[PDB]
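Accompanying notes for the structure given below.
All Cβ positions, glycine included, derive from the backbone under ideal geometry; neighbour counts span all protein chains shown. The numbers here are math on the coordinates, done by the rules we state, and not lab data.
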Amino acid sequence: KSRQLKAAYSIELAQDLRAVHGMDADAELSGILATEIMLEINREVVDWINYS
Amino acid sequence: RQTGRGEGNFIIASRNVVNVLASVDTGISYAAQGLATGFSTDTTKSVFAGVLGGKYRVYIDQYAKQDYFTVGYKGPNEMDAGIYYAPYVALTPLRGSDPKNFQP
Amino acid sequence: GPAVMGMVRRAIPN
Amino acid sequence: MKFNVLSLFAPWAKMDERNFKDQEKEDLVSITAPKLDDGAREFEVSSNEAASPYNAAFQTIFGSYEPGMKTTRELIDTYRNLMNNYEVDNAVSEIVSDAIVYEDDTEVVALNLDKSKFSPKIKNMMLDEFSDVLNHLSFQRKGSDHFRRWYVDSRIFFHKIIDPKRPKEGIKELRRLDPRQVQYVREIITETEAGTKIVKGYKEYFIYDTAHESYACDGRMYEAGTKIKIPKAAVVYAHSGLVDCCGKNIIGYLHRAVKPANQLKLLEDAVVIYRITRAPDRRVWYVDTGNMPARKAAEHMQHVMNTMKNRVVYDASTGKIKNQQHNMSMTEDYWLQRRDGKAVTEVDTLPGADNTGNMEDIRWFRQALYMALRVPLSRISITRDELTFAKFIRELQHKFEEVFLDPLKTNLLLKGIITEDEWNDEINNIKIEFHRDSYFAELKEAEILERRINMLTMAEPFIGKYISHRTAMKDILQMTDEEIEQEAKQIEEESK
Amino acid sequence: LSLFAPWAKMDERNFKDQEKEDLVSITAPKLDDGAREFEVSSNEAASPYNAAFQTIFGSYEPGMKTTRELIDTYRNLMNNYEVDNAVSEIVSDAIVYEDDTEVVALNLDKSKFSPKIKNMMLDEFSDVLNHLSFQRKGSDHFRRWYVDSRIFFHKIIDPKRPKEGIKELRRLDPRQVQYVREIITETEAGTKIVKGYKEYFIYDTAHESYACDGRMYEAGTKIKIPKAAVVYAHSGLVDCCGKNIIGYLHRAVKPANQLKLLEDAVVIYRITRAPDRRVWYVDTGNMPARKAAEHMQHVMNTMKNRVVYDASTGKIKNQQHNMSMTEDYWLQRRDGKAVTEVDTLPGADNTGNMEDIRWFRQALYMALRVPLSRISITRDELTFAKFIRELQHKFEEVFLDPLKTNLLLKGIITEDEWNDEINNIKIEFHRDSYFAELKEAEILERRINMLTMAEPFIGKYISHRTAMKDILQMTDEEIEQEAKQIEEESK
Amino acid sequence: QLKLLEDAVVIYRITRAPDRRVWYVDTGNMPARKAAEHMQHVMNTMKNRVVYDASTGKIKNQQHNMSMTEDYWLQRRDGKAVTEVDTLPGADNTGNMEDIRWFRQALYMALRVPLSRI
């Protein structure tokens, strides 16, 4: 069984974010998504253990 | 007794349980209680708090609904764990744009 | 033709 | 690229942090491209990086290596697989043998401080420190192993150990790091109008790919960790300037041989198979089993198939054929019974292992591979080819040499023996000389001498008339003027 | 268990020193090569003596199986033609002695703490050899190293009189011996400290069950072996992963059999179809199926090649008189149709070019780590000699180990003193005197000839001291001593 | 072009090296999933499962050691010599690997080097 998420950020936002804080608005988002996925996996594992 | 493979070697528990573990002695003594130092109780730094008596891996379930612990066994094998994660695909990026307007 | 992830046999007690 | 309190690496990070600050004060600006020749994989980073959260840190670092590491991991495994095969291994061996020379009761590669220094006392400390670097590596016994891994893998890295309570003498033995887990990155810490063109201090931190989730072909006994951030100052490392058309795709010395090496193996396999397959007798029996359902047709098929089948298994332990007594049949006789006047039941034999080679192409490919492997044309007097090889070894060693120079200068600086500026002002020259095989060196010198002697014996009739002895000594015998004076002094004494 | 108590004590002290020592806070295991590893609980030890089985099963399972297969394979490669020879030639060059010569022996010609120690070490080195019975078995032990990739021995302590009860070594059976190391630590994600590892050895403990002849499977129990209890060393050859130690013969695992298999294919190709070939067939149409066969069977008793070969005596069994000039066969045809004929079959035509095997044999020969001098002084022979030099050095640990051990067990050297002396307390050896003399002779010939060439100039442009040190290659000390001897003779 | 020629030599030597054969049977006027049986009764039974292992000096599934004969058959359901198995041409030895030498030498000249180099 699978899982997956999207961010699909706009261009203008990223351009401006970089101008304001030096942030990419890509790498950060990418991180958030990947992290959210791993957070769920971690939680899934623990919950299955507690379930079972 | 029930698995025939080995004795529990880890435990995941609520913050309150670990706070108790870290504030008491665990070795054989007359009595023992004080400021918590034995295990890390700060999930900020790590889920893994430490090893109980040098015998069990202590972790914190930061999302316990109220207050409990679960103890279990994991062996040198992978099947001998009870539970297993068997990835075929993982953390594979997806990349493109919408051609109509080129937004990413 | 699924992959074989391994097999386990019940352990022998001492 | 620190992002953490490093209980282990702070003692070295501090040096890099100071160096970085000096880079910020430098004029290495107006350069569009990062000031990088080779090594660690760079990433585009802002001038502020004020927040640096994990999500950003992960991608900032991950982003410069993801496909890099996948490629690199494959190259390394290929290099090892290549190294372990016949007539590859040998190239490596000869190169390793000449690159790192050992001999009975002789020296080993050694630091040669024959240039100006503040004091002989420093020279002695440096020479002793060098020896300890080697002692840590046990180079005098295993130097060739460290070298071999480097040559094949293109690179080698080692973990430094520092007390750190008493760091001057708190310097401990190196630990070779494992390629395929080892990663190296750099940051371009800047951004301005139309793209950064200002100073980039790079930071240069060592990281790992852990290898937790991805199991080895076997033997995954150790995983290197995920959140690992090690400052450059904490790692001893060398690699060669062997890179593909882009990025930092660093390749090994055997990289050039990858194409023909694998190719040759396929060609050899094709020959082995071509010759073995079809070698035994090969025949198909055909049986007229018509006017029957398969359930019945099969019996008549069997009346031939299981009666004609040759119970002739070869004895592969002892050159015999099983169950074939008396000593030898004078025939392979078969027979059939035909139910009617129709030639339907028969045998039709198959073509065998027809040995038409003369597999000459294999020899061509073998030689092509030897060339790809940098094997002298002399292997399978003095020639340009052998000298060229020696030049290669000289350069190869010079690149390798960094493996000693790094911990050497580091320790000298940590000990307060040489200051950072003094080291850089004097060095320039910290040259280490490799030990050479005296057998060949003598032969080389002997030829040169023979040529010099012969020329002088020809010049003789006019060296008291047109050319002076001094000149003959400097041009024919290739002596320097002080050499000439020294030889003259020694002779005058010997004469009496 | 108690057997190893004195060995444990040595290791216990070492381990505790490793923890006290500051060679800690290392990301990587502190090891270049060696023992298979395993992570542990981080405590000092688990309570029971045999607690280690808890980590042992895990660390050896596939190791033990793989090793068994590799060693047996290596032994099988050795069993093949010319492999045993190449190995033997290597063994011969590596283990060298001749009539009334020395054998490998300790040579303490470098700085030492005391001449008293020097004598004791030399005196006891003799027993190091006696405990291997090197003088008679040196080559057997060496052969095993080369092929099996390594050597291990059991070390013996009295145990009540450890400084006296020092006995002969027991080589261990390969495939049953594994070397392991534990990571006795854990920190804030990724421990780097007190990784002393202990580095102990485990053993299968089974002597009744073998690949070719054995029986009586028992309950088992893997057990014991502190590091200190085992003499060991191995070739520094490891595969792409783990601690998969490679024998020197390992390379042959490919070409040895691509050759052997091809060679069999050649043998087979020529033999199969060497005999005559044909299918005889009888048309038994218009007959009951159970009767039709009778006609065929009668014909077959006239057309039968009752001619089997006598290999014992090169003749054909029962084929008198001396020799027929023809083989007469016949068969009446049921109809005027091409149904009844004799089907002859093709033979093993000699179309080769039986040369590929020359290539393969040469490739294997080279693959066996041999000079091309076998089937003067050359770069190839010298390289080979260097190879032998390295094999001897690696092997050497088999003597240095028990030497070190006996000296410390008896209290006649501080372990630290040994560590400072070596560095170099190497054991030296006899080398083939015949070839050594030839090498030296050619070296002198060249030097003599170069001096001879130089002659007209060695009193003019080149000094005599220089000619001797650079042309004749004499040191200054040698020059003065030879001159002294010349002066004495002229008296 | 030299690299291309070299590949041509290489492909020639590898392709067609193994034994190659096509088992042929008649299956007319049969259901597709019945027609298949005539072919399957040969195709899945007369397969040579013995394979030289490129990774080691051994042949996969070889036991028995090696037969001196490869025994195979086809049944003939019709009252005629209908079914059969054919072989395909193998990797015969035809070189004479001389073009490579020509091209290699021409290339070296194109590389701006002396002819003293090999």
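Look through segment B:31-57, keep the residues that are within 25 Å of E:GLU44 (Cα to Cα) and among the hydroxyl-bearing types (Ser, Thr, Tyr), and return whichever of them is nearest to the other protein chains (Cβ to nearest Cβ).
Per the stated criteria, the residue is B:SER46.
Please find, within segment D:283-328, the residue that is surrounded by the most Cβ atoms within 10 Å (Cβ to Cβ) out of those that are within 7 Å of another protein chain (Cβ to nearest Cβ), assigned to a loop (DSSP other than H, G, I, E, B) and more than 47 Å from the chain's Cα centre (by Cα).
Here the residue is D:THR289.
Could you please give the count of residues in segment F:15-41 that are in contact with a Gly (Cβ under 9 Å, 6 or more places away or on another chain) and either assigned to a helix (DSSP H, G or I) or farther than 30 Å from F:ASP92 by Cα (or both)?
Quick first cut of segment F:15-41, residues in contact with a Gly (Cβ under 9 Å, 6 or more places away or on another chain) only: F:16-20, F:35.
Subset that is either assigned to a helix (DSSP H, G or I) or farther than 30 Å from F:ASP92 by Cα (or both): F:35.
Number satisfying all stated conditions: 1.
Does any residue in segment D:35-61 that is more than 8 Å from chain A (Cβ to nearest Cβ) and surrounded by fewer than 14 Cβ atoms within 10 Å (Cβ to Cβ) come within less than 8 Å, Cβ to Cβ, of a residue that is outside any loop (DSSP other than H, G, I, E, B) and not aromatic (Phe, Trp, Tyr) six or more places away or on a different chain, and which pairs are these?
D:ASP38/D:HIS239; D:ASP38/D:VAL243; D:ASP38/D:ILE250
Anything in segment E:266-282 that is outside any loop (DSSP other than H, G, I, E, B) and surrounded by 22 or more Cβ atoms within 10 Å (Cβ to Cβ)? List them, or say none.
First pass over segment E:266-282, keeping only residues outside any loop (DSSP other than H, G, I, E, B): E:266-271, E:276-282.
Result: E:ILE268, E:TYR269, E:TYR281, E:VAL282.
If you take the residues in segment D:458-489 that are exposed (fewer than 14 other Cβ atoms within 10 Å of the Cβ) and of a type in the set (S, T, N, Q), which one is nearest to D:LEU387 (Cα to Cα)?
D:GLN478
Just one of F:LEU5, F:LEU74 is surrounded by 14 or more Cβ atoms within 10 Å (Cβ to Cβ), touching an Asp or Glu at 6+ places or on another chain (Cβ under 7 Å) and in a strand (DSSP E or B); which is it? Let's see the steps before the verdict.
On the way: F:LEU5 fails: in a strand (DSSP E or B).
F:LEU74 is the lone residue from the list that is surrounded by 14 or more Cβ atoms within 10 Å (Cβ to Cβ), touching an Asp or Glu at 6+ places or on another chain (Cβ under 7 Å) and in a strand (DSSP E or B).
Can you pull out every residue in segment D:329-350 that is among the polar types (S, T, N, Q), within 7 Å of chain E (Cβ to nearest Cβ) and buried (at least 17 other Cβ atoms within 10 Å of the Cβ)? Talk me through it step by step, then tell me what you get.
To start, the set of residues in segment D:329-350 that are among the polar types (S, T, N, Q) comprises D:329, D:331, D:337, D:345, D:349.
This time we only want the ones that are within 7 Å of chain E (Cβ to nearest Cβ), so: D:329, D:331, D:337, D:349.
Within segment D:329-350, D:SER329, D:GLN337 qualify.
Can you name the number of the only condition in (1) over 29 Å from E:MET474 (Cβ atoms); (2) under 20 Å from the mean Cα position of the chain (by Cα) that D:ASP385 fails?
The failed condition is (2).
Looking at E:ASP380, E:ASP343, which is the one that is in contact with a strand residue (DSSP E or B) (Cβ under 9 Å, 6 or more places away or on another chain) and over 30 Å from E:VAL231 (Cα atoms)? Before you say what the answer is, go through the steps one by one.
Working: E:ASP380 fails: in contact with a strand residue (DSSP E or B) (Cβ under 9 Å, 6 or more places away or on another chain).
Answer to the selection: E:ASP343.
Residue by residue, here is whether (1) part of a loop (DSSP other than H, G, I, E, B); (2) more than 14 Å from chain E (Cβ to nearest Cβ) holds:
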{"position": "B:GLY8", "(1), (2)": "yes, no"}
{"position": "B:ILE12", "(1), (2)": "no, yes"}
{"position": "B:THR26", "(1), (2)": "yes, no"}
{"position": "B:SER29", "(1), (2)": "yes, yes"}
{"position": "B:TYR59", "(1), (2)": "no, no"}
{"position": "B:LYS65", "(1), (2)": "yes, yes"}
{"position": "B:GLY75", "(1), (2)": "yes, no"}
{"position": "B:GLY96", "(1), (2)": "yes, yes"}
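Could you list all residues from segment D:427-476 that are over 29 Å from the mean Cα position of the chain (by Cα), closer than 30 Å to E:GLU440 by Cβ and of a type in the set (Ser, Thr, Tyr)?
Listed by number, the list holds a single entry, D:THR457.
Scan segment A:1-31 residue by residue and report those that are within 7 Å of another protein chain (Cβ to nearest Cβ), buried (at least 16 other Cβ atoms within 10 Å of the Cβ) and in a helix (DSSP H, G or I).
A:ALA27, A:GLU28, A:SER30, A:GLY31, listed by residue number.
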